Amino acid sequence: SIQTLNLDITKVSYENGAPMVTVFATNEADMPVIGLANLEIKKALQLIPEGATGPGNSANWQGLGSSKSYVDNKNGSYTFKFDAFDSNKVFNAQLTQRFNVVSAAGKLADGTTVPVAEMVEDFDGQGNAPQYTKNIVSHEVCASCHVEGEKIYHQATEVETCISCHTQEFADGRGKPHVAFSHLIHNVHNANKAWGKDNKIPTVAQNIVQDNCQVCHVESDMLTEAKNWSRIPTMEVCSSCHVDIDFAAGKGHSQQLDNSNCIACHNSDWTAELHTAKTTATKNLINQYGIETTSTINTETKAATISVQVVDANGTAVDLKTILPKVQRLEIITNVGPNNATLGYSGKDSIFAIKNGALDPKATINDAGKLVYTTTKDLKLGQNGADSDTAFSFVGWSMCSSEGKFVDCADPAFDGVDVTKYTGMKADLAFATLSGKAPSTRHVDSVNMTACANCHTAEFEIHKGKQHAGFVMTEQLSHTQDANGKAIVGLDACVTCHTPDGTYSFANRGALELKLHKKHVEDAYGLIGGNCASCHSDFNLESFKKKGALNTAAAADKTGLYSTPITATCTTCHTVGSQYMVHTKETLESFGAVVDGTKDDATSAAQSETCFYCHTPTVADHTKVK
Ligand code: HEC
Ligand code: HEC
Ligand code: HEC
Ligand code: HEC
Ligand code: HEC
Ligand code: HEC
Ligand code: HEC
Ligand code: HEC
Ligand code: HEC
Ligand code: HEC
Ligand SMILES: [Ca+2]
Ligand SMILES: [Ca+2]
Ligand SMILES: [Ca+2]
Ligand SMILES: [Ca+2]
Ligand SMILES: [Ca+2]
């Protein structure tokens, strides 16, 4: 019923001794919410300033108590009192005061569902606006990866709440420096030491965050202490990833008995630059060059000719001969039928037109300076309906590089394993038709690269390594816009290899409709759970009408097994015969499905599934049935 619960602390009065704190609660339509039964001041705190506990030391939140004692004022406002405020007798009205207010998800008496809500607000010692703050990060950055509104590890859903409990005082009281939040947060994302009573090595977190400070530390003229990540070096925080130094013993570093001198040597400019230098340099290299690609079909040979034009940052022609010795790889993959690929993985046309500065004999650089290549595999154009009139070609490429500069590829046999020696560049996509009519294109309206980049960054070099140059996905291969006129960067090019017939093995669930789900349900569940909205804005259920069979298994003789397309898509996570699927194979067949059968049988029955008579999935709730 209630979609968003907003909370504001509207009044703080110390006239009776302890503070009386009034909270106003509204819904998404700014209407007052009456009847909250689980509202609480989870923490009352005050701010010991930067350096007060010692030179170079951080500011600290000192505890003043908590309260679940409030009156519902029957107008959207609620007033708290404290039964035992400041039991430690440390209250100081010269300090900034903070209140952390939480409302548990649940149902108002009338049965109205109410979602969780959390907030903090800061004041001076009389309830006016605060004079100074410790605002370094905000909850929004975590939501780029962790599902907004769900608990992050435990206890709460917003970082300010974690920060309000995991304080220096908290850590000191337990004799455990590592549980102070500014140590913990880096610890749990970095694999140099394990964490928890379970000794978990953060392998997955490390591979996503990659120690990149800017995924959480965003400079902003909203958070006045945002630059603290580089301006306040301390042994307590810096040791979270730098785990082998003993400052006390003077091992692996000069002896430092306190934090008095860290900033004198570790100046802010240096700390900020050093931790961000590699990603900054890589992003600079990626944006040095681009490509613009065309494809045409020879109406008589029915082969496709792909032409690639390198351009500079201003989009000005660069003759490929001039940078050829620095091109590490350029690869071109062509399939047919962008809505239901027809050639399979084994039947696709593919070539490394360039490897380590050298042109393949099948590719040439023409007099206008473009690379030109003509397909050699049977593209079977027009052999499978109107969609098969269209060939689509994916171009990926890389340039050799060292320490932020492009360099010559001096080793023709360089295998691409050492990713520090080259940079994947912006990939491209080109369409051509046998008929000469406009090309068909795949829907790109349900998932796009912007969603992938929330976790992997915009500079994600997909598949970079021994097997591929690294595909960087950008507006270069956009062919449509959203309702707002923003270019959509689709993943439709990936279908060149991620075909309905699978990838190199029929046991991989390689089709694109299955592969992203399989990889992420297996390895990203700790982050995403069942949150389809992590990737999807919508489900394009109409797209199923353009699909045929999808490969779902390998037979014992290693031949391919296939399912009708809706069943195939759902069963990636809901394996037939497992505890994750109630419908038996017999029942699914009674709904028109083919389950791990022949390609012919699955193709014939592809538009015979009755699943959507009952199932009405939306991204908000994919489990919905009539
Ligand atoms: C906000 C969403 C968070 C997050 C991300 C974490 N916490 Fe807590 N936490 C609390 C207590 C009493 C402990 C045990 C400490 C001990 O071992 O003595 C923890 C522990 C953790 C861990 C494990 C850290 C480790 O190195 O072992 C982690 C990763 C963690 N928390 C994350 C208590 C609280 C709260 C008290 C009201 C609040 C709020 C939070 N935690 C919030 C969060
Ligand atoms: C105050 C207690 C600190 C803290 C928290 C750190 N330092 Fe230093 N440090 C200095 C030099 C010349 C180096 C080597 C530079 C380099 O490797 O490029 C370091 C190294 C570090 C590290 C990184 C350790 C690593 O090998 O990765 C860290 C995390 C670190 N320091 C923290 C020089 C100085 C000083 C000059 C006399 C002073 C004082 C400090 N550092 C103080 C601190
Ligand atoms: C948008 C549809 C995409 C695409 C194309 C990819 N991702 Fe993710 N990803 C996430 C996590 C936690 C992992 C596992 C990391 C690990 O186990 O070390 C992955 C893995 C991948 C890969 C494998 C290569 C790699 O970098 O590990 C690939 C190719 C890939 N993904 C593509 C996390 C997320 C998200 C967090 C909510 C989001 C969103 C995405 N990924 C989105 C996409
Ligand atoms: C992507 C660049 C992330 C951002 C931004 C934040 N987190 Fe994260 N976190 C991320 C991953 C891939 C993982 C590992 C998940 C897994 O299955 O291993 C984590 C892990 C944590 C943890 C430990 C719990 C765990 O699941 O291992 C915590 C406590 C945590 N993250 C907290 C957290 C906070 C508070 C963030 C905002 C400051 C935050 N993370 C951002 C990826 C990313
Ligand atoms: C999210 C997964 C983070 C990443 C990646 C990095 N930092 Fe961080 N840092 C994060 C949080 C939630 C906090 C606590 C903020 C608070 O209000 O308490 C911090 C804190 C720091 C600090 C302490 C600043 C202070 O005033 O004491 C430092 C020095 C710091 N972080 C440094 C730092 C560096 C150098 C990083 C890249 C290697 C980095 N952080 C990444 C969250 C996250
Ligand atoms: C994990 C999120 C880290 C935190 C917290 C801190 N550092 Fe760091 N540090 C980290 C990485 C991944 C690297 C390698 C950077 C590179 O690309 O070379 C470093 C490196 C340093 C260095 C240079 C050491 C070297 O190998 O040449 C220094 C001097 C350094 N870090 C200092 C430093 C300080 C002062 C920190 C607290 C403010 C700090 N680091 C935190 C990862 C992480
Ligand atoms: C052929 C040149 C490919 C293109 C173009 C793309 N991918 Fe790929 N991918 C390919 C192979 C041979 C494999 C391994 C076999 C398998 O099916 O798993 C993959 C694998 C993936 C995975 C899984 C990764 C894992 O660690 O398990 C993902 C998530 C994936 N591929 C995604 C993906 C995307 C988004 C692409 C377009 C940018 C893409 N692939 C293109 C081969 C090829
Ligand atoms: C990113 C890791 C994703 C998550 C999380 C979820 N889905 Fe997804 N989905 C993803 C991709 C790359 C594709 C292929 C798009 C294409 O061009 O083939 C899909 C596809 C679907 C579909 C097919 C309809 C469509 O919109 O294309 C469905 C019905 C679907 N996905 C459902 C679904 C559900 C129910 C999810 C949460 C449990 C979910 N997806 C998460 C990527 C990702
Ligand atoms: C992984 C990306 C999934 C895809 C693809 C599909 N579903 Fe799903 N589903 C997924 C999860 C993680 C869960 C929660 C499991 C649990 O803990 O209970 C679900 C759940 C459902 C349900 C509710 C289960 C029940 O009580 O019956 C339904 C009805 C459901 N899913 C339907 C469904 C359909 C029709 C799908 C294809 C369009 C589909 N799911 C795909 C994960 C994933
Ligand atoms: C009505 C006669 C249905 C038809 C036709 C199909 N499904 Fe179904 N399904 C139905 C119900 C009532 C449920 C349970 C809902 C709940 O909330 O408990 C389901 C469940 C599923 C699931 C989730 C399974 C699980 O998590 O255990 C999936 C993935 C699913 N159904 C898929 C599916 C397919 C592929 C269908 C067409 C072949 C199909 N369903 C038809 C009701 C009905
Ligand atoms: Ca207020
Ligand atoms: Ca909030
Ligand atoms: Ca760690
Ligand atoms: Ca283009
Ligand atoms: Ca039909």
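Along the sequence shown, residues are numbered consecutively beginning with 1. Indexing begins at 1, ligand by ligand and atom by atom, following the structure's order.
- Among all non-hydrogen protein atoms, the one lying nearest atom 23 (C) of ligand 6 is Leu274 CD1, 4.1 Å.
- Closest protein heavy atom to atom 27 (O) of ligand 1: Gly196 CA, 3.6 Å.
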Give the C-alpha distance, both sets of side-chain angles, the deciding distance and a yes or no for salt bridge (charged side-chain N to carboxylate O under 4.0 Å, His left out) between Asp122 and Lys134.
CA-CA 10 Å; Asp122 295 326; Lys134 186 186 177 182; over 6 Å; no
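- Looking only at atom types and distance, the side chain of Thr423 has a donor-acceptor partner in the side chain of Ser401 under 3.5 Å away.
- At a 4.0 Å heavy-atom cut-off, ligand 1 touches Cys165 through the side chain alone.
- At a heavy-atom distance under 4.0 Å, only side-chain atoms of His275, from C-beta outward, approach ligand 6.
- Within ligand 1, the atoms closer than 4.0 Å to a non-hydrogen atom of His178 are 26 (O), numbered from 1 in the order shown.
- Those atoms of ligand 6 with a heavy atom of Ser240 less than 4.0 angstrom away are 5 (C).
- Within the 4.0 angstrom cut-off, atom 30 (C) of ligand 6 has one or more protein heavy-atom neighbours.
- The protein non-hydrogen atom at the shortest distance from atom 5 (C) of ligand 1 is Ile152 O, 3.3 Å.
- Atom 8 (Fe) of ligand 1 lies closest to atom NE2 when only the N/O/S atoms of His166 are considered.
- With a heavy-atom cut-off of 4.0 Å, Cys238 touches ligand 6 through backbone and side chain alike.
- Judged by distance alone, the side chains of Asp600 and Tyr562 never bring a donor and an acceptor atom under 3.5 Å apart.
- Distances below 4.0 Å separate heavy atoms of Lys197 from the following atoms of ligand 1: 17 (O).
- Look at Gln607 and the Ca ion (ligand 15): an N/O/S atom of the residue is under 3.0 Å from the metal.
- Under 4.0 angstrom from ligand 1, there are no non-hydrogen atoms of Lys151.
- Within the 2.8 Å limit, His154 places at least one N, O or S atom next to atom 8 (Fe) of ligand 1.
- In terms of protein heavy-atom proximity, atom 41 (C) of ligand 6 is closest to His242 CD2, 3.7 Å.
- Residue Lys278 has at least one heavy-atom neighbour below 4.0 Å for each of these atoms of ligand 6: 16 (C), 17 (O), 18 (O).
- The shortest N or O to N or O distance between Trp195 and ligand 1 is not below 3.5 Å.
- Among protein heavy atoms, the minimum distance from atom 17 (O) of ligand 1 is reached at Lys176 NZ, 3.4 Å.
- For atom 12 (C) of ligand 1, the closest non-hydrogen atom of the protein is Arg174 NH2, 3.4 Å.
- Of all atoms in ligand 1, numbered sequentially from 1 with element shown, those under 4.0 Å from a heavy atom of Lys42 are 37 (C), 39 (C).
- If you check which protein heavy atom lies closest to atom 11 (C) of ligand 1, you get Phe170 CZ, 3.7 Å.
- For atom 32 (C) of ligand 1, the closest non-hydrogen atom of the protein is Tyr153 CD2, 3.8 Å.
- Heavy-atom proximity to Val188, at under 4.0 Å, picks out these atoms of ligand 1: 29 (C).
- With contacts defined as side-chain heavy-atom distances shorter than 4.5 Å, the pair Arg98/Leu47 does not qualify.
- The single protein non-hydrogen atom nearest to atom 3 (C) of ligand 1 is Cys162 SG, 2.8 Å, given as residue, atom name and distance.
- Residue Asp211 has at least one heavy-atom neighbour below 4.0 Å for each of these atoms of ligand 6: 1 (C), 2 (C), 12 (C).
- Between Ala117 and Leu7, the shortest heavy-atom contact is CB-CD1, 3.8 Å.
- If you look at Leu184 next to ligand 1, the close heavy atoms, those under 4.0 Å, all belong to the side chain.
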